[PDB]
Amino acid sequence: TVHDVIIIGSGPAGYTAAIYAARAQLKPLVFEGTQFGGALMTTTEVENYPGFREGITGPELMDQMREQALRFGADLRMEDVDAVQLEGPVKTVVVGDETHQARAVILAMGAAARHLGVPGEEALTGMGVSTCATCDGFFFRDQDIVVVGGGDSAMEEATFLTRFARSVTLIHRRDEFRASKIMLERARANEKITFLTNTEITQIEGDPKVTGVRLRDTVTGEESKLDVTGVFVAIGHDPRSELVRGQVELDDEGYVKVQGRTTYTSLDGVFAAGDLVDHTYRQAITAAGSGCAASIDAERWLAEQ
């Protein structure tokens, strides 16, 4: 049995691709992962996804998406794809000891936000720990917060956040920055930003919400505690392109490359959407838009066969 299309991933890109493909009668087979529902499944309030005047929680929105895909006939499997063979007229995915095949594959595996890996970080996500100033910065008006990282994201997140926060402490594990000179100098000029270089977070403290961070000097080992009510982690993203490395062309940071303003990858019959591709906007609504585009691309390509 060779399916018309297999979708790998269950964030906004994968579910929007599934909705369009199912409504187009392609009977999409979707591998959601065991950690299904994408990045919003791990946040609380989502307020910038257009269509909800009062907002909606991340899990509520993703369940709507999932049930919508189901309603039109998508075959959803809460299983991880462990390996793929994407070259040729029949593509194969391997799920544990099971194999599935399709004429077209839509890659929607997303990108992981890099984690500090310290106690308190996961428990307090959506409770004062955030990965996205555009998403949650609104909620820290007149508060003292930290931003972690030494690249352009950290500089952009920190400077953006000062329109809300009382103060921003930018914490970086060395005394040299990966950020561009422009971004670094913008943060230095900002009166609400204080730098702590050669500093790492070892623990995030929080009653039910963030109350402070434990700090450590990366040179001397000196430790101390900082009272803050928000922590923005901006230490980069890792596109989940491991499955397709060596098959689909990637950029130097591992994002899947696509042709022009389409979702076509370097491989015939293989399309890519969402934060697996986009390292610029990284929002639910942009990922959803690209998932729709991938399914329209796939349907048109399938019609050409």
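Residue numbers run from 1 along the displayed sequence.
Look at the C-alpha B-factors of 76-84 and of 127-135. On average they run higher in 127-135. Between 8-16 and 21-29, the higher mean Cα B-factor belongs to 21-29. Considering 43, 35, 241, 262 together, the PDB entry gives 43 the largest C-alpha B factor.
For residue 274, the recorded CA temperature factor ranks within the lowest third of the chain's modelled residues. In the PDB entry, a CA B factor belonging to the lowest third of its chain's modelled residues is recorded for residue 110.
In this PDB entry, residue 66 carries a Cα temperature factor that places it within the lowest third of its chain's modelled residues.
In this PDB entry, residue 246 carries a Cα temperature factor that places it within the middle third of its chain's modelled residues. When the modelled residues of the chain are ordered by their C-alpha B factor, residue 92 lands in the lowest third.
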